[PDB]
> 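Sending over a structure as structure tokens; questions will come in a sec.
Numbered from 1 within each chain, the chains take letters A, B, ... in sequence-line order. Below, all heavy atoms of this structure are taken into account, side chains as well, without hydrogens, waters or symmetry copies.
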Amino acid sequence: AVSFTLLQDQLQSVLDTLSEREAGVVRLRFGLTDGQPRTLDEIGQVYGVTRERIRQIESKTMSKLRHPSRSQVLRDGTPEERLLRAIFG
Amino acid sequence: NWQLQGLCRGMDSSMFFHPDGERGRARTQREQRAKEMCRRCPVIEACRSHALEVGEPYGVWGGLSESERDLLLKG
DNA sequence: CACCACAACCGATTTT
DNA sequence: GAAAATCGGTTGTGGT
Ligand code: SF4
Ligand SMILES: C[As](C)(=O)[O-]
């Protein structure tokens, strides 16, 4: 099963409807940018905010991805599985 | 599984989450539009108990604003 | 229209 | 796992 391509496709897809900042944070946290997860402090540095504000933004984003309005990826080692399991975990 | 029947299944989060910074009249009317959808929604009850069981920090869920839920759970 | 000046307000963000 | 404290952008009013 190489359905991992199309999971990326539709995940790029759902990320594209968060805000810029919400997408950047999920991207930095899971390393969907250069394949290297960043800590909540490194993300704070990027955005000029504290780690605690990063955690609030992350939380909102998790709320948005698990809302019924746009969570059509509940069809089931790697960052994109990390992010998936972090949404339904 | 109960998500598949939500009335908001296609239109995305525009309606149920507030953009950064939204305050005043825009904020309350976004909330109202969302609630008006939920009231018609065949899975409101499963949506509501889900949001309260797990304590969804953001969005309108099950007909409840964020701060309504915050008020129903505290303590 | 612009600018300014504030005050109240309350979401964003920082601090416990 | 937060909750409370404080900051600062916005909104509305009223001026030049
Ligand atoms: S209750 Fe509201 S939010 Fe929950 S599914 Fe129905 S319409 Fe969507
Ligand atoms: C003033 As800042 C954007 O570093 O929180």
> Any side-chain N or O of A/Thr50 less than 4.0 Å from the OP1 or OP2 oxygen of C/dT13?
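A/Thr50 to C/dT13 OP1/OP2: no side-chain N or O under 4.0 Å.
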> From C-beta outward on A/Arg55, which listed nucleotide comes closest to its side chain: D/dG1, D/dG8, C/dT13?
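My answer, after comparing the listed nucleotides, is D/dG1.
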> Nearest-Å distance, CD1 (A/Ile54) to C1' (C/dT13)?
11 Å
> Before accepting this row, confirm whether a basic side-chain N of the pair A/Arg27/A/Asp34 lies closer than 4.0 Å to the acidic partner's carboxylate O.
no
> Which is more 5' along DNA chain D, the nucleotide nearest B/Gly21 or the one nearest B/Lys74? Just name the residue.
B/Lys74
> Would you indicate which nucleotide in C/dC10, C/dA12, D/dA2 comes nearest to any side-chain atom of A/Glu52?
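Nearest nucleotide to the side chain: D/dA2.
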> Ion pair present between B/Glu22 and B/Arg30, side-chain N to carboxylate O less than 4.0 angstrom?
yes
> Under 3.5 Å, is there an N or O donor on one side and an acceptor on the other linking the side chain of A/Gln56 and the base of C/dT14?
yes
> According to a strict under-4.0 Å criterion, is A/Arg21 in side-chain N/O contact with OP1 or OP2 of C/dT13?
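Yes, A/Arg21 has a side-chain N/O under 4.0 Å of OP1/OP2 on C/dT13.
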> When the distance from CG of B/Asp70 to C1' of C/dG11 is rounded to whole Å, what number comes out?
14 Å
> Examine B/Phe17 together with A/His67 and report whether their ring centres are nearer than 6.0 Å.
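Yes: the rings meet the under 6.0 Å criterion.
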> Is there a side-chain contact (heavy atoms from CB on, under 4.5 Å) between A/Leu84 and A/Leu7? Walk through the geometry before answering.
CA-CA 10 Å; A/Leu84 245 40; A/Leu7 172 87; 3.4 Å; yes
> When the nearest nucleotide of DNA chain D is assigned to B/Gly55 and to B/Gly24 on a heavy-atom basis, which residue is associated with the more 5' position?
B/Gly55
